[PDB]
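Only one chain is shown below, in structure tokens, and it's the form deposited in one PDB entry.
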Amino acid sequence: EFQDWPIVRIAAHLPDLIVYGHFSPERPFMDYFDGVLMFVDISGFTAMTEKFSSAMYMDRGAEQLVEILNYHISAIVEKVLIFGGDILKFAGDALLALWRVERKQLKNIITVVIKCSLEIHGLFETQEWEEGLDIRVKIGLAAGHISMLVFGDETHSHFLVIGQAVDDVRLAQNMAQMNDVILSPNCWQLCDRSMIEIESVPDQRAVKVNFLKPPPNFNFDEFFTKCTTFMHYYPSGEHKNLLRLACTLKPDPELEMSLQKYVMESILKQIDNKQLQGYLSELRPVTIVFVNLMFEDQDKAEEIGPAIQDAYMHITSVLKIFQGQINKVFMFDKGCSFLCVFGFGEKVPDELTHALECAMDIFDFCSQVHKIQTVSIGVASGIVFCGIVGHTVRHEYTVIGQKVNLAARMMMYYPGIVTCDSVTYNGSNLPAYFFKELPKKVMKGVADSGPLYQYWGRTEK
């Protein structure tokens, strides 16, 4: 069976949630279901980005990083898939997976996901980045009501998952230390508490898993085969040798037209063998504009949907002008966040002046959008790693770096304004009075960010 059709290559970049959906044309588009989520984080990892940016890597830093990374991540991906999960999203050291089930099946599916989780922890026992650096994971699990939001325009589409269970999975992840599997309160509440030994987490309703202790006669394999009965797209029969049913997709112009919109133009070029398969693995100077939109209530897709859609329409317009691109959209703890990048796009002059001006315009327009309570934008510039991360059958373009995290942290620790780093400040070729120098705040993940600035803009206001 031939399987290397462009449609199949495109679907590698997408979860089944999109690949096998049937969305109306309307934007936004909302859908509601139940399932279990797994949010996975790899340790020892800001440490790698540093290792690999050093001159010791002789200009093959991006290459070696992408390699060592995919080696470990693609092992995580195979597990998730074999355990019947759908990998929703990657970014950096982290990936999100979903086992979408009917509400009666949640209890049993939780047991699968827990087992999957302990097997992931077992991959990395006795396992190091380098001599003297352990690689470990932290896993958060959640279960419940989940909303999909799809937004975009006629040529580009994005999705997010929303709701308290998504919020719960992020909270369980943040609590988790290395080697932990943390359950949300609702996940603990819905699980088969006869099989699952836990301990409490101080100042938290969430729980940590110690052991999976099934009864004397329980057979995990037969229990899992019974759970696959409820999985629409688990590969089987003649296709039981395959990690994803998506690998059997056949040409279909309409579906391809739909899917390609989720994928960046430079990936499509590569998919089409019109660009070298290695061209995207790089260390490149870019400017990151990280835009955060806070809402009164970030679990109600009917509320935040239209606003995200409205904001997207503007952001995409302002970026086409100023020569940037949306790379990924995120739901953090607080808000919807757009990860925008200038430079790797064309490497253009006035990149910095343009990134700033583009931020202020986004900021002004978005602050006037109905349900948006607050807008926050962080702007940082520097060398970041770019590349396609994951498995052959499931992978996504991502950006990784101290500057990516710096912009992400600025927009959280300096809400309501546009902030920029020193690189951006000094290389802007704008007058100093378009800025204010800010209080130095201590920020999670960041060591000597350097002086930070508010982009005040042209007038006194």
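Shifts are known only where both forms have a C-alpha. Note that residue numbering follows the sequence shown and begins at 1. Throughout, rigid core stands for the largest set of C-alpha atoms superposing within 1.5 Å between the two forms.
Unshown form deposited in another entry; subsequent notes refer to it.
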Superposing on the core, which single option in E265, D350, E102, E130 has a CA shift of 2 Å or more between this form and the one not shown?
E130
Would the C-alpha of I42 be classed as shifted by 2 Å or more between this form and the one not shown after rigid-core alignment?
yes
For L243, is the C-alpha shift between this form and the one not shown 2 Å or more after core superposition?
no
For a quick test of reading the superposition: does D93 move by 2 Å or more at the CA between this form and the one not shown, rigid core aligned?
yes
I want to verify one pair: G92 and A408. Are their C-alpha atoms nearer or more distant in the other form compared with the form I supplied, knowing the change is 3 Å or more?
closer
A change of 3 Å or more separates this form from the other: in the other form, the C-alpha atoms of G92 and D167 are closer
Considering only residues present in both forms, which runs of at least 3 consecutive residues have all C-alphas displaced by 2 Å or more between this form and the one not shown after core superposition?
42 to 47, 91 to 93, 129 to 134
